[PDB]
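Asker: What follows is a single structure, and I will ask about it in a moment.
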Amino acid sequence: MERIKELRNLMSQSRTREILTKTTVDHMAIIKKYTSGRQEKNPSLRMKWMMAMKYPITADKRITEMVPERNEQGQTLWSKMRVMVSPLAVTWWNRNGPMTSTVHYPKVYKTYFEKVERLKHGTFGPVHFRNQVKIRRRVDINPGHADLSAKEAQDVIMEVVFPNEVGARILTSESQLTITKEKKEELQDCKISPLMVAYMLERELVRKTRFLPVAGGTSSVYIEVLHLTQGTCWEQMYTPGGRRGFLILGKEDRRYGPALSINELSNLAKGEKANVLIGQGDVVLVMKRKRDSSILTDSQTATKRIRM
Amino acid sequence: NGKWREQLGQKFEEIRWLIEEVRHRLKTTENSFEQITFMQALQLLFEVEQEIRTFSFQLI
Amino acid sequence: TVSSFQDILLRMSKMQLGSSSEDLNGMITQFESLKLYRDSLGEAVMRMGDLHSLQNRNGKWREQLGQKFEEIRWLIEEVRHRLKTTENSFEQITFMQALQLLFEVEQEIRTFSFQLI
Amino acid sequence: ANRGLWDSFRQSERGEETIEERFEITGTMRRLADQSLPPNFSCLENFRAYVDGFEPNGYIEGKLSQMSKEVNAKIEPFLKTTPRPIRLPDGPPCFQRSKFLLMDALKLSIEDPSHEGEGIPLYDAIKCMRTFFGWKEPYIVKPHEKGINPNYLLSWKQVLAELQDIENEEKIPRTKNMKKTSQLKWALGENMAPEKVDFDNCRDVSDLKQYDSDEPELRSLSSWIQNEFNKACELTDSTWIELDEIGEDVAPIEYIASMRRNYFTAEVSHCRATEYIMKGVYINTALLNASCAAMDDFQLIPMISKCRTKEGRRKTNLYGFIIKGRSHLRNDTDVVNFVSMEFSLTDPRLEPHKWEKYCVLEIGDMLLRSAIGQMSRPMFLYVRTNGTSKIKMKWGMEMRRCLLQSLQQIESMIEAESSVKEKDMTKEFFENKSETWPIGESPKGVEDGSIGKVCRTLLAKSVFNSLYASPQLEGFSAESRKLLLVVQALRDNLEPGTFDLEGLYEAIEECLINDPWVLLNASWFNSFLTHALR
Amino acid sequence: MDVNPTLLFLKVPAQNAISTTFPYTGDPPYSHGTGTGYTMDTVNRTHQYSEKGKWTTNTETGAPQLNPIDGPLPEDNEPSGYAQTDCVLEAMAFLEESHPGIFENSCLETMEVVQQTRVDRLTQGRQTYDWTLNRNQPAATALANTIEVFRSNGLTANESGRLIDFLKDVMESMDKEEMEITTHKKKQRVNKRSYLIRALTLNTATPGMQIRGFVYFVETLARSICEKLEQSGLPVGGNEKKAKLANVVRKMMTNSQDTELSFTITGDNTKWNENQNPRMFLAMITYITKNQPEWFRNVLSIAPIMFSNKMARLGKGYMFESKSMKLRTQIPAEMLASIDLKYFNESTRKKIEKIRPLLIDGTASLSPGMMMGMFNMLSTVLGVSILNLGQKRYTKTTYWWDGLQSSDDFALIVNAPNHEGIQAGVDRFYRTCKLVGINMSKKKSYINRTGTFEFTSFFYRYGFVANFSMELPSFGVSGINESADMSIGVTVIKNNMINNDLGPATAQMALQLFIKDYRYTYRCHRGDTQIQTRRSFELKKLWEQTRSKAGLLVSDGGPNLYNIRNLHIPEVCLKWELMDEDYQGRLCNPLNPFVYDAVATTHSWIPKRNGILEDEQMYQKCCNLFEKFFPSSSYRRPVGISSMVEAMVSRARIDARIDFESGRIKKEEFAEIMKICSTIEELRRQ
């Protein structure tokens, strides 16, 4: 309601109108970077000045019926002119407030939770003072996941986090990676944040390497403790310790009814064809498969048609 | 009582490292003074390691 | 065993200051650190811990809490009744002071009992 | 399209063929490129054709064979009798130009306020003031020789009166705004503002000069900066600094770092340079806050510092007063004027040349409890007019980095020495008491000191470098670094040599105009040179 | 006792305590750039160094130009910008011969970079001079203004989202007879020559907007060439430079049949910027791109052509005052070419009399030289060629030299059987460098026996390569919230330790200072403290009710557990196992009204924030409106075929229909949504 009304009056002004009309989706990221280039007016001093005044934080309406206006001492926690609140409200919430189960946290931040387990189950040796030479090679800071490349990691992330906004590939193949099943089953009712979950999943699932001047261990577990192991003239020894087949026929037809969403293709029929919205705006006509259409040796059998 | 448990592990590491390097140094020497000193070194550290292990077992 | 310590240190010092090596100084320092560690352990030998005070009277000591609770409210009810019945001014003041004292002591003992367990 | 190859592929079909790319000059760019060539060419295509068919036969040797022999780089040896002392300028003596005086300051202690006391600095200053009896009729003892001294007298009297007249108010204020008086207006320079008009109307006026493009004056070196540096390296009876805690250590390297930093902190905790750093930080922060808060008022800003006593009682000290003018700062270069008044016990009639921009008043007598009985000494007030910047307030708020720099220098020396003798040298440096370092001088010769003394010397040097910034310091540091490297190379029996030893020198003197700090550094370098090769 | 630290060098070697010579820790609070005075002196000096050139009058701009190429050979030791094309070409040919296959791989690697770069590449950098407002503006605003102006005149070719199309459109724009400037509604007309002049002016030096794209490709090619050479230390930084320093000494000290003498020299180059000439840059580019497609050659050759004919702006002007009427005024440099010289003093009068011939519309003409910065990695290759020329095969004599050379600093090592051979080698190296156009500073260079030298604040003793090239961290608050500053600080400390040579003792005190500053800034002291603030009551109430006091965060009364060994772990994960269950439930509640390796937490809040284009935030409105329909745009780049409005309408219709079907909202607003969507599509029909 609000978004469509805000879009309506944006069409009244022409200067924005050809911007909307002449810009394809693929060029959106080109537009997004025309914002600004000058903001750093001594941020530390600004923060110090803002922390001196009362009500420096912004919050939503509902905090009015979850936190009292005054505490036992007699100090105001929020004021009416989003509403303005003070850090005393945050401390009060940390002291008195509703409690919820935190069972999903270890399953999302597990890549951080493995580091402490590695560290506190460790032992140290002696330190040696000498001179040494450090060489360079490719080092893996994120090990990633085996049996998974960079192409399908993004596919898994999109399938798990944004099931309704996938299109073309992942929608026409006839398969299902195993890890997707467990990832969907475990996060059945996780309500932390889509973006945070996506970022953590990419961090713990996608591998990436860099260049470092390391003169010690090469494995990934020896990289995050590089600041503790090496030095200018000293060396410390340490051990870690421890979705069916679909094909598109064309664009939307006006004789086949309104288009439907990805999650509403489950019902379908035994061969009906219908319009569907896929990707970031595409609308195509699809209809399921009466055969296999696989990638087996048949593709090579075309060699029988040549070189007789 | 908890700090001794974590210095003891480092003590064992130092013991084994210095034992192995002293043995390696002994392997390639050609002077009698060196050999006598290294004999006494190996014997002394064997005794010390035994005593440290006994105290480690006693402490727990 | 000690004479072995000084003999080894002296022989290695004579060996070293005539000709120097990285590992040579390394063993000198590691030896010296071990030397002080053994000396400190020996200083800790003749003291140990005080297990004699760790095994004091505690067997029957734990079970008297219920015994005290047995007469706590008994005596508090007796004091309440006798304060209600009495007529003098001396007795009334004495019983009121006793009641306040007993409330304080009962809280105190319950607080320490909860904290210790 | 996801990987970034769809645009070029789509813009590559010209009917029924495939073309990789297209790019032509075809116009004004061609004409511009035409005269961007060596003088013996006219067209770009001819130059490209000539470049494409190039083979090197003998060009470099042939060109070299016909060059005159006066183009050369001859090496002259650097011997032990080669270097000469640096020449210092001559003229009238220099004067102090620091924001707050350092060696000649006292404090009016509040004597251990309550542990729950946290109030406005104005009330702390008032409570510090009420503890002194002995005010008298002030009078001038040293004229400023440029200005009006009765204005200074009236300013001091007005400060006293407006501090005393607080009680005539039904509500107690938080800050004090001074009444705009004629003497205060003259002191703050609010009537000496030039007027700006277009050049068209004033084209025919006379007596017009470009700007203050005058050659700087030349001044010599005096003997008070050395005294200040000597006093800045001493120990006091207070703490002046308290750092917070960190987690417990496990690794041996953590133990080594902990013992290093513990020794360093213990050695330089009670130094005077820490007091200077705290004073500067407090004063600059308070002045910046006052300037940013009030823009059209003459606010009174006290000078306040805090410390801990030996037995463990918190103490607050008051140094003087600062009166600020009008502050409308749009950029970081605009200047705001102010006047500063400070207390002292030092008689100005011993070194009149040191105080040239100050006005000195006698204001009272002080009772000293030293030894038995009570003896009285005069009390003086120093008044000066100044105005710094907006950037330099930020520069003065960061002086805790000098301790970090000194620790870095000490640790760098320790690591450099430990790299050769391949073991740990943190023990032979601090707890050893038979080791001495030459950091002194006397008519007898070169003296020696301990590790704490050199640490305090480095801290004082960093503080004084912070307090006396100038480009001359940068230039002198660079040239002296080069000369010191050459001298050290000479001392190592490596047969050094130079190509032009003079130009380095004339650079050294041309970076030696006025700053007393740079003159003291040059004298130190000369004194090092006279001993390094003898 | 009179104390001075310099005598401390009588006991400690200079390289061990050289860190006591640097006086400053950050940027000093003064400026030495100077205004119009310094630019005039720079122009006069760079024109005086090339007096014996050839003079020409431009046929497209009408500006005098000086050509010093192939001039008379120098006769003295003064700097001289008289270079020879044959020497440069021969040096490049010998460099190619020494390393076969070094110029084709770089071109092949650069070709794919050219064909894939997008227009956003110009949106980041430093400030840029704007030819439309005659001021300095951020890159994004200048780019937006340039696109708007170019669109307003019928030049619309950058909509393809390719940098090469933008360059093509810029070239097309430079060939028009009239330009229009609309300011919000003044309408100004610019002729051909004025626009050409304003398209070749350099700042006082950030470049313009029509030249950055051409410089970028040349810089990438130069970097690709430099990455394949061992004598260039510019791209690398850190331990790599230390290894590079070690390898040259190891190579030159092979001590095989030890009857040789080795001497090292540390040198600097004087007047580096105002002695280079873009014509030799063009020759080098032409030679490098042999046997290559012609369009690549044109793209790589455009930039030096523009650099060869450029204008330098003077500045703001002068300020005058009167001592009688208390009057002040400001005079600009636009009318400086006709003002009487009686006002100025002697030096300014001489400067004006010297500069008057080269003045057009307030900008001076400066052909022979490079203004400031830029083209560093190409001058690096030019210098490396001379070093490569020191092999035994090319000297054809007994002595031989080798070394390493940065953009301006250089270190060299010469081997000869005696002193005369060393002197001859040094003289030949000096003459060869002078023959190309490089002058060595005699008064700031020195030579000594091999074993100690210096290279860009890298001091090398017998085995120690300690460096002092960069400054200490800031250990201050970043200023986002109370949950990100801690992570930023610990990451900064760890990164400084890993890359630079920050010591362990220094890091602990830096952490102490950072924690003190954080506690002061965010008013979060420990519960068992007598400091009184507005936040003390709540902190003490929380502290009293907690049984495990080691699990509370520093943001609320908790203690600090950070040390060296745990600088790479988030605080929440560090203290997870030591806090109570109710505190955990309250802190990690995903239903808070308030909401670099950070956890969400309830401490991550947001503070209150306080011409050409009619509105400067027109792209941002559309961008922020997009994700309300497609929420995945904030995570990855969207892919599609249609416009934005089609997706808007389709998503809105689908969502409204599903909402009506599910019964969440009644039928009253469903028809309203359908009507507003119909109105939107009718408006789009126009």
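Here, A, B, ... name the chains of the structure tokens in the order displayed, residue numbers run from 1 inside each chain, and ligands are numbered from 1 in the same displayed order.
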When you get a sec, could you note down which chain B residues fall within 9 Å of chain A, using only C-alpha atoms, as a ChimeraX atom specification?
Answerer: /B:6,9-14,17
Asker: Okay, now the selection with C-alpha atoms, as a tab-separated table (two decimals), in the first residue's frame?
Answerer:
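Saved as out-v9.tsv:
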```tsv
chain	number	residue	atom	x	y	z
B	6	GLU	CA	49.46	-25.37	32.55
B	9	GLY	CA	52.64	-29.03	29.86
B	10	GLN	CA	55.11	-26.43	28.63
B	11	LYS	CA	57.79	-28.02	30.82
B	12	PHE	CA	57.29	-31.37	29.06
B	13	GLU	CA	57.51	-29.68	25.65
B	14	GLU	CA	60.78	-27.97	26.59
B	17	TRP	CA	62.75	-30.52	22.48
```
Asker: Taking only C-alpha atoms into account, report as number ranges by chain which residues of chain D lie within 12 Å of chain A.
Answerer: D: 1-4, 6-7, 250-256, 285, 288-289, 292-293, 331-332, 391, 394, 397, 411-412, 414-425
Asker: Using DSSP on the backbone coordinates, identify the residues of region 65-304 of chain A assigned to helix (DSSP H, G or I); present them as a ChimeraX atom specification.
Answerer: /A:65,87-95,105-108,110-120,150-161,178-186,194-205,220-222,226-229,262-264,298-304
Asker: Selection from above, C-alpha atoms, as a tab-separated table (two decimals), in the first residue's frame, can you write it?
Answerer:
```tsv
chain	number	residue	atom	x	y	z
A	65	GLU	CA	4.49	-0.28	25.69
A	87	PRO	CA	21.19	4.15	26.52
A	88	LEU	CA	19.55	3.80	29.94
A	89	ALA	CA	16.68	2.11	28.09
A	90	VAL	CA	19.12	-0.38	26.55
A	91	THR	CA	20.66	-1.12	29.96
A	92	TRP	CA	17.18	-1.54	31.46
A	93	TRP	CA	16.28	-4.00	28.69
A	94	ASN	CA	19.49	-5.92	29.40
A	95	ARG	CA	18.51	-5.94	33.09
A	105	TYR	CA	22.67	-19.24	17.80
A	106	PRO	CA	25.33	-22.03	17.86
A	107	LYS	CA	24.05	-23.28	14.47
A	108	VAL	CA	24.52	-19.89	12.77
A	110	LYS	CA	29.49	-22.01	14.38
A	111	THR	CA	32.47	-20.77	12.35
A	112	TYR	CA	33.23	-18.35	15.20
A	113	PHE	CA	32.47	-21.00	17.84
A	114	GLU	CA	35.05	-23.42	16.43
A	115	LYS	CA	37.88	-20.92	16.94
A	116	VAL	CA	37.45	-20.77	20.72
A	117	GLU	CA	37.29	-24.57	20.93
A	118	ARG	CA	40.52	-24.80	18.93
A	119	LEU	CA	42.22	-22.13	21.04
A	120	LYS	CA	41.36	-23.25	24.57
A	150	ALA	CA	31.82	-21.52	-5.95
A	151	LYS	CA	29.02	-21.89	-8.53
A	152	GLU	CA	26.57	-23.97	-6.48
A	153	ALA	CA	27.40	-22.38	-3.11
A	154	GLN	CA	25.52	-19.27	-4.22
A	155	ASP	CA	22.72	-21.53	-5.47
A	156	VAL	CA	22.46	-23.19	-2.05
A	157	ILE	CA	22.49	-19.80	-0.31
A	158	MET	CA	19.71	-18.47	-2.56
A	159	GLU	CA	17.63	-21.64	-2.17
A	160	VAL	CA	17.91	-21.61	1.63
A	161	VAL	CA	17.51	-17.89	2.31
A	178	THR	CA	21.98	-33.06	-0.04
A	179	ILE	CA	23.18	-30.19	2.18
A	180	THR	CA	20.17	-28.07	1.19
A	181	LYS	CA	17.82	-30.54	2.89
A	182	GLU	CA	19.57	-30.33	6.27
A	183	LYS	CA	20.04	-26.56	5.95
A	184	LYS	CA	16.30	-26.11	5.38
A	185	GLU	CA	15.27	-28.58	8.11
A	186	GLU	CA	17.52	-27.07	10.79
A	194	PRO	CA	17.95	-13.05	6.38
A	195	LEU	CA	21.02	-10.95	5.54
A	196	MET	CA	23.03	-12.03	8.59
A	197	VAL	CA	22.25	-15.70	7.93
A	198	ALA	CA	23.21	-15.28	4.27
A	199	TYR	CA	26.52	-13.61	5.17
A	200	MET	CA	27.43	-16.25	7.77
A	201	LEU	CA	26.46	-19.08	5.41
A	202	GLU	CA	28.66	-17.60	2.69
A	203	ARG	CA	31.51	-17.16	5.18
A	204	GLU	CA	31.39	-20.76	6.42
A	205	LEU	CA	30.55	-22.29	3.03
A	220	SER	CA	44.19	-22.96	7.25
A	221	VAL	CA	44.28	-23.52	11.02
A	222	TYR	CA	47.75	-21.95	11.20
A	226	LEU	CA	49.79	-15.63	12.47
A	227	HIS	CA	50.01	-12.63	14.82
A	228	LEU	CA	50.87	-14.95	17.74
A	229	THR	CA	53.35	-17.31	16.04
A	262	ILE	CA	7.37	-19.89	-7.33
A	263	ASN	CA	6.03	-21.34	-4.06
A	264	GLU	CA	2.60	-21.91	-5.66
A	298	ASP	CA	23.56	-39.67	-25.84
A	299	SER	CA	25.29	-36.32	-26.42
A	300	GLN	CA	28.43	-38.22	-27.43
A	301	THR	CA	26.38	-40.52	-29.69
A	302	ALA	CA	26.19	-37.62	-32.16
A	303	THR	CA	29.75	-38.64	-33.06
A	304	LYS	CA	28.14	-41.56	-34.90
```
Asker: Quick one: residues within 6 Å of region 435-451 of chain E, only C-alpha atoms, excluding same-chain residues fewer than 5 positions away - as JSON, numbers by chain?
Answerer: {"D": [494, 495, 496, 497, 498, 499, 500, 503, 504], "E": [81, 83, 263, 264, 265, 266, 267, 268, 269, 270, 462]}
Asker: Residues of the last selection are to be written out with C-alpha atoms, as a PDB file, in the first residue's frame.
Answerer:
```
ATOM      1  CA  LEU D 494      84.028   0.907   5.497  1.00  0.00           C
ATOM      2  CA  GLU D 495      85.874   3.622   3.499  1.00  0.00           C
ATOM      3  CA  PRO D 496      83.003   6.089   2.935  1.00  0.00           C
ATOM      4  CA  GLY D 497      82.893   8.837   0.333  1.00  0.00           C
ATOM      5  CA  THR D 498      80.789  11.745  -0.855  1.00  0.00           C
ATOM      6  CA  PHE D 499      80.176  13.717  -4.041  1.00  0.00           C
ATOM      7  CA  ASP D 500      79.158  17.124  -2.630  1.00  0.00           C
ATOM      8  CA  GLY D 503      75.447  21.452  -0.179  1.00  0.00           C
ATOM      9  CA  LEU D 504      74.355  19.295   2.746  1.00  0.00           C
TER      10      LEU D 504
ATOM     11  CA  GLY E  81      65.824  17.746 -19.924  1.00  0.00           C
ATOM     12  CA  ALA E  83      66.616  13.252 -23.980  1.00  0.00           C
ATOM     13  CA  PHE E 263      80.807  -0.934  -3.343  1.00  0.00           C
ATOM     14  CA  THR E 264      77.228   0.123  -2.628  1.00  0.00           C
ATOM     15  CA  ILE E 265      75.696   3.545  -3.237  1.00  0.00           C
ATOM     16  CA  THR E 266      72.430   5.032  -1.979  1.00  0.00           C
ATOM     17  CA  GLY E 267      71.163   7.852  -4.166  1.00  0.00           C
ATOM     18  CA  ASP E 268      68.278  10.203  -4.825  1.00  0.00           C
ATOM     19  CA  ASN E 269      67.142  11.903  -8.026  1.00  0.00           C
ATOM     20  CA  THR E 270      66.718  15.680  -8.190  1.00  0.00           C
ATOM     21  CA  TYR E 462      74.598  -6.921   8.328  1.00  0.00           C
TER      22      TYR E 462
END
```
